[PDB]
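For reference, the chain that follows is the form deposited in one PDB entry, supplied as structure tokens.
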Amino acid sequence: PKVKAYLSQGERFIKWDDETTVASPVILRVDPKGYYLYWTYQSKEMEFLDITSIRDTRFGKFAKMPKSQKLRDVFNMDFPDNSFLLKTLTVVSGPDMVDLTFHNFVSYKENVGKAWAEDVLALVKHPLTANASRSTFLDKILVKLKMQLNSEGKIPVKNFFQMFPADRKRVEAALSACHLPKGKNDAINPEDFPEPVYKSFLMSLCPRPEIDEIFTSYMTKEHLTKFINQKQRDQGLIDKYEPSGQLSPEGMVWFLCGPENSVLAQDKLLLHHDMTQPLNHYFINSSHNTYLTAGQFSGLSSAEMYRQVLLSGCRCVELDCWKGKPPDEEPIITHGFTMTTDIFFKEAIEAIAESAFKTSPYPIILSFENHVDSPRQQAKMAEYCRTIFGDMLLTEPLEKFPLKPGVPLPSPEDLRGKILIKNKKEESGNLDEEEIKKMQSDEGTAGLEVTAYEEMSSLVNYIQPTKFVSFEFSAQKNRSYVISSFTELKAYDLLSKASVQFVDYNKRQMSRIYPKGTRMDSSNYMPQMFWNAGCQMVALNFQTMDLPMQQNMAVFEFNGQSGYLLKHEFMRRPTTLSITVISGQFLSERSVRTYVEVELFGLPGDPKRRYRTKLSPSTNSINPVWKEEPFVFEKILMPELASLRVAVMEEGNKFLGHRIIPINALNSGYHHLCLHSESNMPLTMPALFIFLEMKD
């Protein structure tokens, strides 16, 4: 991913609402390395935004629009046939799907926003942006320190304290070790802080003695060769990493932090799965009650949730539809019989049409939970879909795949760029307070839907929902276009009574799993069990980044974050891992004891032992070193289906960072594991030094 020159050159915009009612002229830019999107105010003051923190970019009509009359006037919005829509740019950022910030810009020139939006997003969504090596993240720190200068054009020493907040003493001593001013209210000339002075500063602040032990086993080009072939397996490097044909320990450190030594088989992150198999032969990234941003009973609903989950590759979303009152008679979306707010059905459709294929070209399924007992409003619903989705909407079956028994489902490729509607096409009826009383704990409002009228029925084809009867009944009908939906409880009960048939069912048809009604807090259930059975749409509450969603985001990042993962051929046809947690660097912004947990998610017969590191020797979080034995996971049956979880917590159990990695994507050897947030976004400071070993 190369940063186009015009981006680094800069463009003039007016940033609004960065305050209130305040419109500020700025020059927007992306640094040459693609680390930050930053704007400079006329006063020279700068504001930075990590490229890795961006979730989406929008221009024209999709950009956020100012509400205040003052800004409306400034931008001549109430002016006949203006060109405002040719100048709007919105950059959306946030730590997760909910906590969003909209950065709004209005350009002086016309049509420049489109290029900026598309080029910036391509940098953000490039698989290697988030998965760069440790050295890249350390470099982002340097670029930041040297870009955020004061009026004198120097780097405030105060900025080093803010960058590395855990222990000022150690930071001060590190600056001194490099003959730089140590002192709250000193500034450093940028020319005095280039590489490798920064590197020396890091080595002083964060010594690496564990790496010296590797040497006990300088280092000649020969030894280094032995090292790479024995440890990192199954002269140019020395020239590149050695600070001054021998490799010193500092040189070893930088080499191990470099791109040649990635913990992942990065080709795995790219779209590489065979996308020509039947739809039900893939695990499909799924979201439950998508419209909710919190809380199932109390909290707000928002059409924006649809954009957010779809931008992360989610391919199956949910819409709970309810009738609107007069005079408008406009259908809405909400969690019926609760206190959650409402949104219009139409806005959800607009949100979906916009983001549906921005980050993945593969088919999406709209799971309708219809409670609209009104033929007119159901007609409105169908009308909104047809008109807004246009050619994206699959309104009729494909020629090569008739809706007949024995015919398999089309492939993701066959349905590329298509939107499929899952709606009734059997008991029906309106829900009552009492009827929802004895369903509230399990199926919830999904327990009973209204009849589907003509207009909506005509839109259903390959994803026809029917109440489940039995596996033999399903096998008897032999219809691959029928989908069965189960609560986590019902699905679990079925696995305890008919596991063999559940597994066979998923080879022919789709099964969708969703949270039990009792989870009013929007917590999630662990998905592995269901994926193990071949369940493809394991719907989770995306607004809650608890462990289940942590794993979901992590596994679906692979195969180009397309939202589709091809099941193992053994689930379609009709190794011992050792990890040693050695040490950690800048794990927390404060000095606190830390620990690491490691476990495996996989098949029932996979190793189930869980490991927890001993607490770090002290409150030192800059460079703690553990003395652990290797954590072993013996006889992993199918690497493809299993994933390794490495999570870092501070004493007290507060989450600091983690990685969940499918076994087949792991490289062996010594590695610097760069940590991610709960939502799988890359963290700059925290990292673990580990040693991986794979054996048969």
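Here the rigid core means the biggest group of C-alpha atoms that line up within 1.5 Å when the two forms are laid on top of each other. Residues that one form lacks are left out of the comparison. We number the residues from 1 along the sequence you see.
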Check: Which class describes the count of deposited residues lacking coordinates between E396 and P397: none, 1 to 3, 4 to 9, or 10 or more?
Finding: none
Note to self: Between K425 and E426, how many residues of the deposited sequence have no coordinates in this entry: none, 1 to 3, 4 to 9, or 10 or more?
What the structure shows: 10 or more
Next item on the list: Report the stretch with the higher mean CA temperature factor, choosing between 37-45 and 53-61 on the basis of the entry.
Entry: 37-45
Next item on the list: With reference to the PDB entry, specify whether the mean Cα temperature factor is higher for 595-603 or for 104-112.
Entry: 104-112
Item checked: Member of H126, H335, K418, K140 with the greatest C-alpha B factor (per the PDB record) -> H126
Notebook entry, point to check: From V30, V632, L641, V646, which pick has the Cα B-factor that tops the rest in the entry?
Noted result: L641
Note to self: What third of the chain does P363 rank in for C-alpha temperature factor, lowest, middle or highest?
What the structure shows: lowest
Check: Of the three thirds of its chain by CA temperature factor, lowest, middle or highest, which one includes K438?
Finding: highest
Margin query: Among the modelled residues of this chain, does the Cα B factor of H658 put it in the lowest, middle or highest third?
Written below: lowest
Notebook entry, point to check: Which third of the chain does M97 land in by C-alpha B-factor: lowest, middle or highest?
Noted result: lowest
Item checked: Where the record places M685 (Cα B-factor, split into thirds across the chain) -> lowest
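Beyond the structure shown, there is the form deposited in another entry, which is absent from this document and is the topic of what follows.
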Next item on the list: Superpose on the rigid core and name the single residue from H179, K400, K169, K325 whose Cα moves by 2 angstroms or more between this form and the one not shown.
Entry: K325
Notebook entry, point to check: Do you see a C-alpha shift of 2 Å or more at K226 between this form and the one not shown, with the core held fixed?
Noted result: no
Next item on the list: Determine, after fitting the two forms on their core, whether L149 shows a C-alpha shift of 2 Å or more between this form and the one not shown.
Entry: no
Item checked: Core superposition between this form and the one not shown, C-alpha change of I436 at least 2 Å -> yes
Next item on the list: Considering only residues modelled in both forms, extract each run of at least three consecutive residues whose CA displacement is 2 Å or more throughout between this form and the one not shown after core superposition, in sequence order.
Entry: 325-328, 430-438
